[PDB]
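Novice:
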Amino acid sequence: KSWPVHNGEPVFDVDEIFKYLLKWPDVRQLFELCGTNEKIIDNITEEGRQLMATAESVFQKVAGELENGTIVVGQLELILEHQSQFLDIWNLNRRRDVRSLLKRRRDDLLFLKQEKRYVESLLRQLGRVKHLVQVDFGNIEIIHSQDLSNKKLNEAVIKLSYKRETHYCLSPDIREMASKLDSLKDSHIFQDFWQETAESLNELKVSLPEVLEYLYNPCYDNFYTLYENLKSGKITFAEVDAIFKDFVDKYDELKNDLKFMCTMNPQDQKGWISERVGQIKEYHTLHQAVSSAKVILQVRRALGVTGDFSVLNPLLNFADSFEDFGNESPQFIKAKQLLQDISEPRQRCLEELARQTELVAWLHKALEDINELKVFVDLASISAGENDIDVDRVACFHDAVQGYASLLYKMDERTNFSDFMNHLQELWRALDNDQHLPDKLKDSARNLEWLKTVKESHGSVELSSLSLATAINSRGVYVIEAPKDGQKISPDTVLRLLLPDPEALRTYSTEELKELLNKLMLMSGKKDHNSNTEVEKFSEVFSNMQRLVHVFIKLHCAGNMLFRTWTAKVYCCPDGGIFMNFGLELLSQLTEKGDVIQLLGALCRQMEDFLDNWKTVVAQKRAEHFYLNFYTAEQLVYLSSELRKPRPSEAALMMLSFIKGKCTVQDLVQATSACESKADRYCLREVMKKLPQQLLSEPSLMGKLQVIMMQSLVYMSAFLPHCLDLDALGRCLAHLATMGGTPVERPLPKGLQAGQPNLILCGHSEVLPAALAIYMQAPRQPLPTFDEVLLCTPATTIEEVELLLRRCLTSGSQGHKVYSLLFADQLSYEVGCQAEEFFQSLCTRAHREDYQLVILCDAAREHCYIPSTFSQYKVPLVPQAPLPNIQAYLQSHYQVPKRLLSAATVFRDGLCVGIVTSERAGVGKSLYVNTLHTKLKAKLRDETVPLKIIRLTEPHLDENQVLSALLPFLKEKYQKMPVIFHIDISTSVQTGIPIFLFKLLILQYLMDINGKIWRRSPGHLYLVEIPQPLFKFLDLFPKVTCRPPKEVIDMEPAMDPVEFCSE
Amino acid sequence: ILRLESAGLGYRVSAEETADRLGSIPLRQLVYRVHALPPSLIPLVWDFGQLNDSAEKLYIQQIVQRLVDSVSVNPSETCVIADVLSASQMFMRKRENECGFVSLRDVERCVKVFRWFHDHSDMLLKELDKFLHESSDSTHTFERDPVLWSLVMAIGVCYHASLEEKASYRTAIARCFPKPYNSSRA
Amino acid sequence: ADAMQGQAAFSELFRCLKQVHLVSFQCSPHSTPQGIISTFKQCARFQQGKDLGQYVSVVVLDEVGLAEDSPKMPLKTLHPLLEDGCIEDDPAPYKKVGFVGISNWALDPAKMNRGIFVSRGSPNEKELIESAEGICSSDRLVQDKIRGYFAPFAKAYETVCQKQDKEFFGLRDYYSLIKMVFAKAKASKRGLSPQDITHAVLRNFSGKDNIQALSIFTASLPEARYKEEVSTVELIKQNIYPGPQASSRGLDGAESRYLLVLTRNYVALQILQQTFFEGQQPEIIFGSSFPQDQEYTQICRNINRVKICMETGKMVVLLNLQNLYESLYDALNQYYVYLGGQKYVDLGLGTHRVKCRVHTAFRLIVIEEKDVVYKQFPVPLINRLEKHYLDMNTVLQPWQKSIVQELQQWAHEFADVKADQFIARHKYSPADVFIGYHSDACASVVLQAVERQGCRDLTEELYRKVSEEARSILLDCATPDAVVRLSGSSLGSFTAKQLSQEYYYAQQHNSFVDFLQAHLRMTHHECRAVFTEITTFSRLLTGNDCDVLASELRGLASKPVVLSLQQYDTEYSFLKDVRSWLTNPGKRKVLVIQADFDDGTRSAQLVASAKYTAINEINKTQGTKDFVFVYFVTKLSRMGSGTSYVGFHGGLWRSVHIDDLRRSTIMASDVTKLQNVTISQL
Ligand SMILES: Nc1ncnc2c1ncn2[C@@H]1O[C@H](COP(=O)(O)OP(=O)(O)OP(=O)(O)O)[C@@H](O)[C@H]1O
Ligand SMILES: Nc1ncnc2c1ncn2[C@@H]1O[C@H](COP(=O)(O)OP(=O)(O)O)[C@@H](O)[C@H]1O
Ligand SMILES: [Mg+2]
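Just so you know, the protein sequences line up as chains B, D and S, in that order. When you line the first sequence up against PDB author numbering, it's residues 1008 to 1103, 1112 to 1175, 1180 to 1221, 1229 to 1354, 1360 to 1532, 1537 to 2063, 2080 to 2103, 2113 to 2123, in that order. Following PDB author numbering, the numbering of the second sequence begins with 2496 at its first residue and continues without gaps. Following PDB author numbering, the numbering of the third sequence begins with 2744 at its first residue and continues without gaps.
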C-alpha cells in the first residue's frame, strides 16, 4: 500500500523507486527490522517479497553505480539531499570506510557545482555585450545547454590533483578569470567598465583566447588602477560625477558594492568606506543644493517679487567654476549647516512651484486672500465636469493651494533666513501628509485655461449628468406609444421620455437614455447617499420600463391586435402615477398613484402572464381552425386589422390568395358575413354592460388590469370592435377554404410512408431536384407554395417551421398534401431543437394519422441536430426523376394558359419565367430582355408596360431587398395589365442564388415574417439573369442563352434590329 | 506574406478557413484587396502609366514647390527635398515589392509632415539642444537647418518607420542628402 | 492621450500642439459597421464647436485585427471615414477626425493603406535585451544586478515561443517577468535567490499544461534550479496579496496582472472563498440569472460595482469576461494616467470611455473553465491576465485525497444497508441517503472540514480530527430515517449509536428554531457574517411561523422576514427586501430565502444568483457592530428529488438537512426512543 501508485502500479524505470526508498521514513525501519532478525523475512507474502526484491535490486544497482563514476548526477544530488537516510540504509545493508568517501564526494560535488557556476557566470559576462562582440565558446556553448541527466563519469577525477570536467576550459587562466568574473559579477561599476572596454572594439567573431586579452585584460588593468586611486583617495570629481551618477541617495548598496570591491584584493576594510561614502554623499548634496538654489533664483527672477537673500551668491560663483581635487575646505561647513539634512525628495516640490510662475502670479492677481478659496472651490465645482478627472480637478486644486498657501501667502518682500527656514520647515511638515502634492500643484497649474474661464464664466448650457437624473425623477414621463408612422417597431422607437420644465419640451430616446445611463454609472461619487439613491431609482424605473417595452413588443410581435394602440405615460415622480390608455372609444383611462417601481413590476408580471396565456389560447385556436396556421403572428394581426374594413388592402387579399386563390373582396365579405351569429353580438353587449361594475370592485389597478386582460382573453371582439378575434379569423379563413373548390391531392412516392416522417439525404446539389421528384408524381396540378414547402435557410424563425409542422398535423384541411422541409440541416441548433420538441408535443396532443411529411437534407451535413436525432426515420432511397422530366414538368406547369392577357405571350409559348445567361458575360443578356420587352410592345398596342429592374449585387443574397423592391408594384390592381419584371444579378452573390430562385419561381412566393406576402403572378412575365453548384441547378428552369459572336458563327440569329438600325 | 503572418500574433483566422476569397487566394494578403471586377469591365480595363520613375523627380519637385510655401523657407533646398524624396520612392520600388505601392501618395503626405515640422521648426530644435546638452557630448550639438532637419523627420515618419530593413533605405537615401546628414548613421 | 492635451500638456513641446480627445471602440469578431459609424459620429460631434486647428478627436479601434472576417464585414466604412468622415452628405470640415487603429493581428493592407502600417515585428534577442534595459532604466544598480539574467531569459522565452503552435505566451509575459524580478530584487537589496527566480518564472509562465516552462527557463539558468516544491495556493495568495513594502514608495510602477483561475466544474469559487478570502470578503460580479432581467442593465450595474471597488480598494471576483471584456480591456492593461498621484484607468460602456480612479490595493480575479478559455478566449486576453490553475488537486494534498477516497467508501457503506425488517430489497446509493450527494461531494466536504480546523499540521493529532469533522459534515446532511436504519448497515452497531448520539446531542436537527437557539449562543471564530443553507422535506414556512419565532426570540432574534423565490423577478426586488431587512435596528438579524425545487417553476437555477446577491448586499451594507444570519431553505421530495440535488457547496455555506421545519409536539423529538419502545408500551 506504500508503493508509488501512478494510476495503478506502473514503474517501467528505477529513479522513482529510488526516490521512494530514500524519502519514505518507514522503508528504513522496515528494512532494519527485517535485517535484525531473519524470522520475519521468511513470512510476509508472495507479492510483498517480490516487490521488496525489486526495491532491493534497484538499491543494489544504484549503490554499485555509486562506487564507480556511472552514477547519474541527479540521483547523486538526491543522495546529497537525503544524506542521513542513505547513510543509515547503507550501514544497514553493509551486513547484506564510508565517512571519508561521503566527505570526498561532497567536496568534489562542491567543486563541480562551483565550476558550473563559474562557467555560467562566464557565459553571462560574454553574452551581456553580445550585440557588440560575438564569441564562439569552444564546446561549452552546447555542453552547458544540456540538462544534468548526463553521466557523472565524464568528470574525470584523476590524480597526479587536476580535475578535468566536460566543460573543456582552454587553460587554468580562463578558469581563474571566470572565477573572478563570478566574484565581481555584482558591481555596477564593473558593468560600466566591461561595457566601455567592449565598445573599444568597433561584427567581429572573437574567440576566448583573444577575449581574455582584448576584452578582459584592459578592463582588469583599469579596474586595478581605479581601485588604487580609490584606496589613495586621489580621484577627481569629474570621474566621480561621470561614473557614480547612478548612486544618488542609495548608499547601503553602494557600501556593499565597495565591500565587494575590497574583497577582490584581500586586505582589511576598517577606515576607508565610511569617510569616502560620506564624501560622495556630501558632494551629491552640494550639487542638489546648487540645483535648488538655481531654481530659487529662477523663481525670484520670474515670479515677480524681488526679495532679498544675498546668501547663495558665493555658492553660485563656485557653481560656474571648476576645480579638480577629491578631498573635502572647512570654511563652507558652517554655511552648509542650515541644509545639513534637508531631504533627497521635495526639491521637486519647490522646483515645480518655481517653474510655474504663471500660476502663483495669477492666484495673487485673482484671489488676493485665503478666505475666498472656500467660495471659489464651490463656484468651480459647478463649472467643472461630470466624470472622475473633471471632478477631481477641483479637489487637487484645493489640496494644492491648501498645502502651498504657507509659502505662497505668508511671505514678506524682506525676509530673514531664520523665519524663511521656519516657514519651509512648516511647509515640509504639511507636505508630509500628501507626498503627491507637487503633482497636484502641477496638474492644477496646467488647467490654467479651465481655471481662468471659471471666474469669467457666463451662463454655461450644460445641466448635469446627475441633476438631469433629478429631472427624470421629478417630472420624467416614460411614454410608450407604439408609433403608427412608417418607422419600424424596434424597442428603440416605441419608448420615449418627455422632460418638461417655460413650456419647452425635450424628448429623450432609448438610445440617448442608454448613453446617459452609461454616463452616470461612471460618474464620480460624492460619498452622499442622495446621489446614489436617486441614480438607483432612475436606473430601476428605466430597467422596468425597458422590460415593459420588451414585453410589449413581445406581445405585439406575438400578435395581440388589442395592444396595437396601447399607450402608457408613467410618471416617475413619487406618487405621480401610471396612466394607461387604449385606442378605443369604449375603454376608460386607467390611472393609479403610489410607488412606481413595485407596482410597475407587478404590472409587468400581469403583462407576462397575459402573454403566456395568450400564447396558449392562440396555440389552441390555431390547433382548432388550422388556417390561422398559414400566417405567423404579424400576418395574423395584419389580416385581422384589415379584414373588418369594408375594403381590405390589396396586400391582405394577395396574402389570403394562398388559402383561397384568386381572392376577391366580394368573396371576402360574403365569407365574413357568415362567421358570427346574433348570439355573439348579445354576448359582447352583455360583457359591455357587466364590465364597469366589475371594474369598480377593486381599488388598485392590479385587479382591474387583471380582470380587463382576462375579459380580453376570453371575449376579445367586445374590446376591439374593428379587428377580428382569432376565432372569427379562423371561421373566415376556414369558410374561404371550403369555398375554394378542387382541393389538391399529392401522393407520396414509392418507399416513403404516409404515416411516418421520411428523412432523405441527397447532397447539396440534388436537394432541389429530388424534392421536385416528390412533387411531380402528381402532374397536371398547380405547383406548391410556401405552405407545405419550407426552403429552410440558416437562422430561420422557429415560428415558421412550427407553422409548417402545424399545417402538416391538423385534421381539418380538406385535402392530403405532401409537406417538404428542404435543407433542414442548415437550421440552427436552437431552432432545430425547438422544432423537434414542437413536433413531439404536436404529435403527442392530436393530429391526423395520414400526413405525408418529408425532410430533405444535405447528405454531407448529418452532424447537426435535426438529422442526427432523425436517424431512425430515414428512407434509404433518395428519390430522383430524370432531368428532362423535371424540365418538362416545370415548363408545362409554367405555361400561362390562353385568353389570360399575360406578358408571357412574348416568351416562348408563354412560360412566364425565364433565365437568360452566358458562360462569359457582356453578350446580350439585358439586350435580350429589352428585345423581348420591345417585342411585347409590338403586340398589345397602347402598351404603357413598366419594367421593374431589381439590381441584386450583394454578398449573402437577401430576400427582403427584392421583396421591398417588389412591394409597391402590384398592390394597386391597375398594373395587372401584362408586366415584364427584370431581376438582375451581380457576380458577388455566390451564396444565395438557388434558394432565392426556387422560392420566387417554384414556390411563387416571397414573405416577410413580420410583413406582407408577394405571390408571383401566373400572367406577369419574369426574367432573372444569372452569371456563371449553380451550373446544374440553372438547367431546371426554362433557360434561353446567348453566346459571343465567335461562338454563334459556326452553328448558326445573334443580331438585333435596334442596334443595327442605329447609326 | 510570411512577414505579414509573423506580424506578432498571426491572423486571427487562418487562410484555410477564411471567407474573404477572390478565387482560391485570400483577399486578405493581396496588395490590393479589391473585389473582382465583373465581366464587361475587365474587357474594358487598361493600364495607365507605370511610373517609370523618370518623371517622378519632377512630380515630387512640383509637390514640394507648391505644398511648402517656400516664399521664405529656402530657394535651393526644394531641389534637395525633391531628390531625397524621389530617391526614397526609388528605393521603395527597388525591392521587388512595396509596402503599399505608395508612389506619389506618401509624397503628398510626407511633404505635409515636412511643412508641419517646418512651421513648428522654432521650438523642437531648441528642446533638442537642451536634451543633448544635458546628457550628451558636444558632438550632437550642431546647428540644425530648419529645412534639412524637418526633411529628415518627414522621411523618418513616412518611410523609415514602416520598414524592417531600414538600414538599406538609410544608406541608399543618405547618398542623396547634403553634408550634415550625408550618412545613414546621421 | 495623457500627454498631448492642448494647454494642459506636460511640456512646452506638447502645449503648442493640438488637444487630444480619444473615443475607444474595441473591435470584436461579432462587430457591426454601425458601431464604428456611431463611434465616428461621436468623435465628430465632440469635434464640433471647437477649433479645428487646436482640437482633435481620435477614434481608437483597439483590436481592428479581429473584425476583418465577420460575416457582416464591419471594417468597410473605416476606409471612407478617414478621408471625408461622413456618409450620404456633402463633404465638409469637422467631419475629418484623427484615428489610431491598434491591433494584435495582421491587417488587410489595401483598404487601410492610406494610413501607414507600423507592422512591428517579433523582436530579436537584441531588442529583447534592449527592452529589458529600458524596463530596468528606473533604477540603475539593481538594474545591473539583474542584468546577467537578461540574456538567458530572452533566449528561454524565445524557445517557448518556438515550441508551441498556439500563442499562449507573448512579450507581456517576458516584460512582466522582468518587472517581478525587478520588484523582488529591489525589495531584497541583497541579490536574488533561486526561490525568487523560480517564483517569478512560474507565476508569470503558468496555466498551460503541455509546457515545462520552469524547466526550460532553468535550463538556460541551471544555477537557478529549485529543488523544493512549489504549490499553486501560495502563488495565488502572493499574486493577490502584495508585500507591506511594495507599492509604498514614490509612484507605483511594479505590479502583477489581474489574476485568472482556470478550473473545471466551476469549483474555483469554492476554495477561493474557503481558504484565501481572509479579513475582507470580495464582491462577486456575475451574470445574475433572475428571470427576464436585462443584460445591458445588469452589466452596467456590474461595471458600476467594479468601479466602486476600484475607488474603495476592495477585490472583485468576476465570473464573466465574454461581456465584461469590451468594457474592461483597458483596465486589464493596467496602465494609469496619473493626476495628483492617483491612478485613473479607462472604463467604458460601449462608446463612452472615461478615466475612473483605481485604488492602490484593488485586485481583480477572473474565474473560468479550461475548455472555454482554451477555445473561446481571444488570446490577447490570455496574455493580459496571469493564468493559474487551482481546480481541485492543487489545493488537495495527497493525504486529503486519501481522506476523500476513504470518505466515499464510508458513504457507500453508510448507504449500503441490508435489513430484514420489511420484505423489500431496495438498494440505496449515497445519493438517496445523503441528500445532496453527487460523487464530487466528498472532496468538497473534506475541504470544508480542513478549513474549519485551519491548523493544517500533520503531527498525528489533526488527521483524526479532520476525519471526524468531515464525517460530522457528511452526517449533518443525512435523512433521519436512514440514520435510524444504520443498525442493519455495513457500518455496524456501535457506529450507529455514536452517530445518532452526536446527531441528537451535539447536533441539533429537531427544530429550525432549536437550531437557531443552539447556534446563536456560542461565540464564533472571529467571524462577523455567518450564513447556513437548509434542506427540508417538510412544508416551507407560510408566514405565521415568523411571528412565533419572533415571540420565542424576544432577546436573540430581530423580527425576521421571509422571502420566496417565486415572487422575485429582478435583482432589485431581492435588493430592496434585504435592504429593508438590514436597515432596521437590532443585532443578530434573521432572514429566510425559500425556494421549492418540487414545483412547476424554473426556481432552481436562481439559487446561485440569490445567494451571490445576498452575500454582496451583506458585504456592502454591514457596519461593524451588527451580526447577520441568513438561512436559505430549499424543500425537496422523498420520491427521488433528493438524489438529483447537487449538494455541498463551499465557502460561507454549510449544507444541513432538517427533515422537519416547524415543530411537532405530538411526536417526541428523539426517534431512537421510539425505536426502543413498541406501540404497546407507548
Ligand atoms: N448582340 C449584340 N449586338 C450588339 N451589341 C451587343 C450585343 N450583345 C451585347 N451588346 C453590347 O454589349 C454592351 C454591354 O453588354 P451588356 O449590357 O449586354 O452586358 P451584360 O451581359 O449585362 O454584362 P454583365 O454580366 O457584366 O452585367 C452593350 O452596350 C450592348 O450594346
Ligand atoms: N503631371 C504631374 N505632375 C506632377 N505631379 C503629379 C502629376 N500627376 C500626378 N502627380 C502627383 O501624384 C500625387 C498623387 O498621390 P497618390 O495618392 O500617390 O496618387 P493618387 O492621388 O492618384 O492616389 C500628387 O501628389 C501629385 O503631385
Ligand atoms: Mg446583368
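Just so you know, even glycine gets a beta-carbon here, dropped at the ideal spot from N, CA and C.
(1) Can you tell me the Cα-Cα spacing of residue 1541 (chain B) and residue 1550 (chain B), whole angstroms?
(2) Less than 7 Å between the CB of residue 1960 (chain B) and some heavy atom of ligand 3, yes or no?
(3) In three-state terms, what does DSSP make of residue 2902 (chain S)?
(4) Hey, would you say residue 2015 (chain B) sits closer than 8 Å to residue 2060 (chain B), going by beta carbons?
(5) Just the chain D side, please: which residues come within less than 7 Å of residue 2912 (chain S) by C-beta, in chain order?
(6) Would you mind reading off the limits of the alpha helix (DSSP H) that contains residue 3145 (chain S)?
(7) Ligand 1 and residue 2535 (chain D): does the residue's C-beta get closer than 7 Å to at least one heavy atom of that ligand?
(8) Run through chain D and tell me which residues come within less than 8 Å of residue 2022 (chain B), C-beta to C-beta.
(9) Tell me where the alpha helix (DSSP H) around residue 1955 (chain B) begins and ends.
(10) Here's a check: name, in chain order, each residue in its chain whose Cβ is nearer than 6 Å to the Cβ of residue 3246 (chain S), leaving out the five neighbours to either side.
(11) Sort S:3233, S:2788, S:3243 and S:3199 by Cα distance to residue 2691 (chain S) and report the nearest one.
(12) Say whether chain B places a C-beta atom closer than 8 Å to the C-beta of residue 2809 (chain S).
(13) Does the distance from the C-beta atom of residue 1983 (chain B) to that of residue 1686 (chain B) stay below 8 Å?
(14) Identify the continuous beta strand (DSSP E) that holds residue 2113 (chain B) and give its terminal residues.
(15) For residue 1441 (chain B), which of helix, strand or coil comes out of DSSP?
(16) Please name the residue in B:1680, B:1595 and B:1069 whose C-alpha comes closest to that of residue 1761 (chain B).
(17) Should residue 2823 (chain S) be labelled buried (16 or more other beta-carbon atoms within 10 Å of its own) or exposed?
(18) Out of curiosity, what's the CA-to-CA distance linking residue 3124 (chain S) and residue 1088 (chain B)?
(19) Does any C-beta atom of chain D lie closer than 8 Å to the C-beta of residue 2066 (chain B)?
(20) Among residues of its own chain, excluding the 5 on either side of residue 2578 (chain D), which ones have a beta-carbon nearer than 6 Å to its beta-carbon?
(21) Any idea which residues DSSP pairs residue 3109 (chain S) with across the strands?
(22) Could you check which residue in B:1769, B:2002, B:1203 and B:2017 has the C-alpha nearest to that of residue 1981 (chain B)?
(23) For the region 2653-2681 of chain D, enumerate the residues whose C-beta is nearer than 7 Å to any C-beta of chain S, in chain order.
(24) I'd like the ranges of any alpha helix (DSSP H) spanning at least 4 consecutive residues and lying wholly in the region 2597-2623 of chain D.
(25) Under 8 Å by Cβ, that's how I've got residue 1224 (chain B) and residue 1605 (chain B) pegged, so tell me the actual separation to the nearest angstrom.
(26) Check the Cβ of residue 2527 (chain D) against every Cβ in chain S and list those closer than 7 Å, keeping chain order.
(27) Just the Cα atoms here: how many angstroms apart are residue 1752 (chain B) and residue 1876 (chain B)?
(28) Among all the DSSP beta bridges, which residues are the ones paired with residue 1793 (chain B)?
Specialist: Per the coordinate set shown:
(1) Here the question's residue 1541 (chain B) lines up with position 506 in the first sequence. Here the question's residue 1550 (chain B) lines up with position 515 in the first sequence. In a straight line, the C-alpha of residue 1541 (chain B) is about 16 Å away from that of residue 1550 (chain B).
(2) Along the first sequence, read from residue 1 onward, the residue named residue 1960 (chain B) stands at position 925. Correct: residue 1960 (chain B) has its Cβ closer than 7 Å to ligand 3.
(3) If you number the third sequence from 1, residue 2902 (chain S) lands on position 159. DSSP places residue 2902 (chain S) in helix when its eight states are reduced to three.
(4) Walking along the first sequence from the start, residue 2015 (chain B) turns up at place 980. Walking along the first sequence from the start, residue 2060 (chain B) turns up at place 1025. In this structure, residue 2060 (chain B) does not lie closer than 8 Å to residue 2015 (chain B) by Cβ.
(5) What you label residue 2912 (chain S) is simply residue 169 of the third sequence in a count that begins at 1. Within 7 Å Cβ-Cβ: nothing; residue 2912 (chain S) doesn't reach chain D, min ~11 Å.
(6) Looking up residue 3145 (chain S) in the third sequence gives position 402. Residues 3141-3158.
(7) The residue you call residue 2535 (chain D) lines up with position 40 of the second sequence. Yes, ligand 1 has a heavy atom inside 7 Å of this Cβ.
(8) Numbered from 1 along the first sequence, position 987 holds the residue referred to as residue 2022 (chain B). Neighbours of residue 2022 (chain B) on chain D, chain order: 2531, 2533 and 2534.
(9) Walking along the first sequence from the start, residue 1955 (chain B) turns up at place 920. Per DSSP, residue 1955 (chain B) belongs to no alpha helix (DSSP H) and is neither H nor E.
(10) Translated into the one-based positions of the third sequence, residue 3246 (chain S) becomes position 503. Cβ neighbours of residue 3246 (chain S) beyond the five flanking positions: 3226.
(11) Because residue 2691 (chain S) is not part of the residues shown, which for chain S are 2744 to 3425, the question remains open.
(12) Position 66 of the third sequence, counted from the first residue, corresponds to residue 2809 (chain S). Judged by the 8 Å Cβ criterion, residue 2809 (chain S) is not in contact with chain B.
(13) As a working mapping, residue 1983 (chain B) is identified with position 948 in the first sequence. As a working mapping, residue 1686 (chain B) is identified with position 651 in the first sequence. Not closer than 8 Å, so no.
(14) As a working note, residue 2113 (chain B) is residue 1053 in the first sequence. From DSSP, residue 2113 (chain B) is part of no beta strand (DSSP E); its letter is neither H nor E.
(15) In the first sequence, the residue the question calls residue 1441 (chain B) occupies position 410. Coil.
(16) Working through the first sequence from its first residue, we reach residue 1761 (chain B) at position 726. Ranking B:1680, B:1595 and B:1069 by Cα distance to residue 1761 (chain B) puts B:1595 first.
(17) Here residue 2823 (chain S) is taken as the residue at index 80 of the third sequence, counted from 1. Classification for residue 2823 (chain S): exposed.
(18) In the third sequence, residue 3124 (chain S) corresponds to position 381, counting from 1. In the first sequence, residue 1088 (chain B) corresponds to position 81, counting from 1. Cα to Cα, the separation comes out at about 42 Å.
(19) Position 2063 is followed directly by 2080 in chain B, which means residue 2066 (chain B) is not present among the coordinates.
(20) Here the question's residue 2578 (chain D) lines up with position 83 in the second sequence. Closer than 6 Å at the Cβ level, and outside the excluded window around residue 2578 (chain D), lie 2671.
(21) One-based indexing of the third sequence puts residue 3109 (chain S) at position 366. In the DSSP output, where bridge partners are listed per residue, residue 3109 (chain S) has S:3003 and S:3061.
(22) Locating residue 1981 (chain B) in the first sequence gives position 946, counting from the first residue. If we check each option's Cα against that of residue 1981 (chain B), B:2017 comes out closest.
(23) 2653, 2656, 2657 and 2659
(24) 2601-2614
(25) Because residue 1224 (chain B) lies between 1221 and 1229, and chain B jumps straight from the first to the second, it has no atoms in this structure.
(26) To locate residue 2527 (chain D), count along the second sequence from 1; it is residue 32. Under the 7 Å cutoff, chain S gives 2853.
(27) As a first step, residue 1752 (chain B) must be located in the first sequence, where it is residue number 717. As a first step, residue 1876 (chain B) must be located in the first sequence, where it is residue number 841. Distance between the alpha carbons of residue 1752 (chain B) and residue 1876 (chain B): 30 Å.
(28) The residue you call residue 1793 (chain B) lines up with position 758 of the first sequence. Residue 1793 (chain B) is bridged to B:1889.
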